[PDB]
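Accompanying notes for the structure given below.
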Amino acid sequence: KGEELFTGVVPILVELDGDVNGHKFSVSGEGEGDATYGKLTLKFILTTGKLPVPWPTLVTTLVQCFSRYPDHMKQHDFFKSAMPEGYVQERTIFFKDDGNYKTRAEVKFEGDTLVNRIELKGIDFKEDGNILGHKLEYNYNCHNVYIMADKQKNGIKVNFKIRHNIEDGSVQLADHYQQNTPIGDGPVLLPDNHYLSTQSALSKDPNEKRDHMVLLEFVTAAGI
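Written out as structure tokens, the structure reads:
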């Protein structure tokens, strides 16, 4: 199974090509994933352009194959079963009373490295609002991610709402609609309904002068 590719520490590359209200930018991520512990450690760097949106809004876009699936749930792990050929992850993200992200990503092995290659298009963003006005706190809450099989589309569908804390004491809602489809023709596990409990901690590198985000995550499958 693809599950064998994840028993140890896997190096990760993330590449994001972004356009938000016509402002162009690229981000590169490097680090590693230890699926045995559901653990991700990544450093993301703005490499092209100026960052037109808050780092926290990009977290969900910037590799659910690193989730810890308890042994009694291993037959429900779509993400690893798609590997090594990988899957396509497509989302729409609706920022309440503001703009929307459309993302398309390919997540696959390029050699022994797990690569997340993302295209992101944002539009309809208000110049003064929580996103273009950089008003979101540099922090992240624990979230559950609800996974359902879509047998007719040979994949999974995933729904969840992110609550981004704002400095002014309100919350910016980010409504996520996600689909994952295998790239390969080989058989993939279609799961029963379950969720991923995702804890995310954002930090900074004190020696890094470029705009960046350091991320530590723990993700654990549950509900079967």
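Read in order, the letters of the sequence shown correspond to residues 4 to 65, 69 to 230 in PDB author numbering.
By construction, the Cβ of each residue, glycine as well, lies at the ideal position given by its N, Cα and C atoms.
First through last residue of the beta strand (DSSP E) which encompasses residue i
i, result
"residue 84", "Taken as a continuous stretch (DSSP letters only), residue 84 belongs to no beta strand (DSSP E), being part of the alpha helix (DSSP H) at 84-87."
"residue 93", "93-101"
"residue 28", "26-37"
"residue 20", "12-23"
"residue 47", "42-52"
Cβ shell of residue i (< 7 Å), same chain only, five flanking positions each side left out
i, result
"residue 187", "93, 94, 159, 160, 161"
"residue 151", "164, 166, 201, 202, 204"
"residue 228", "200, 201, 203"
Continuous alpha helix (DSSP H) stretch holding residue i: start and end
i, result
"residue 61", "58-61"
Beta-carbon proximity of residue i to residue j, cut-off 8 Å
i, j, result
"residue 170", "residue 14", "no"
"residue 131", "residue 24", "yes"
"residue 46", "residue 33", "yes"
"residue 174", "residue 141", "yes"
"residue 145", "residue 54", "no"
Expected contact under 8 Å - CB spacing of residue i and residue j to nearest Å
i, j, result
"residue 153", "residue 202", "7 Å"
"residue 41", "residue 225", "5 Å"
"residue 29", "residue 22", "Not quite, the Cβ-Cβ distance comes to about 10 Å (not below 8 Å), so this is no contact."
Cβ neighbours of residue i in the same chain (closer than 8 Å, five flanking residues each side left out)
i, result
"residue 16", "31, 32, 33, 116, 119, 120, 121, 122"
"residue 156", "162, 163, 185"
"residue 106", "98, 99, 100, 128, 129, 130"
Residues near residue i in its chain [Cβ-Cβ closer than 6 Å; skip 5 each side]
i, result
"residue 86", "5, 6, 9, 71"
"residue 48", "31, 216, 218"
"residue 181", "100, 167"
"residue 37", "12"
Within the region 117-160, ranges of the alpha helix (DSSP H) (whole runs, at least 4 residues): Listed in chain order, nothing qualifies, since the region 117-160 has no complete alpha helix (DSSP H) run of 4 or more residues.
Quick one: complete beta strand (DSSP E) runs, 3+ long, within the region 183-229? For the region 183-229, the full-length beta strand (DSSP E) segments reaching 3 residues or more read 200-209, 218-228 along the chain.
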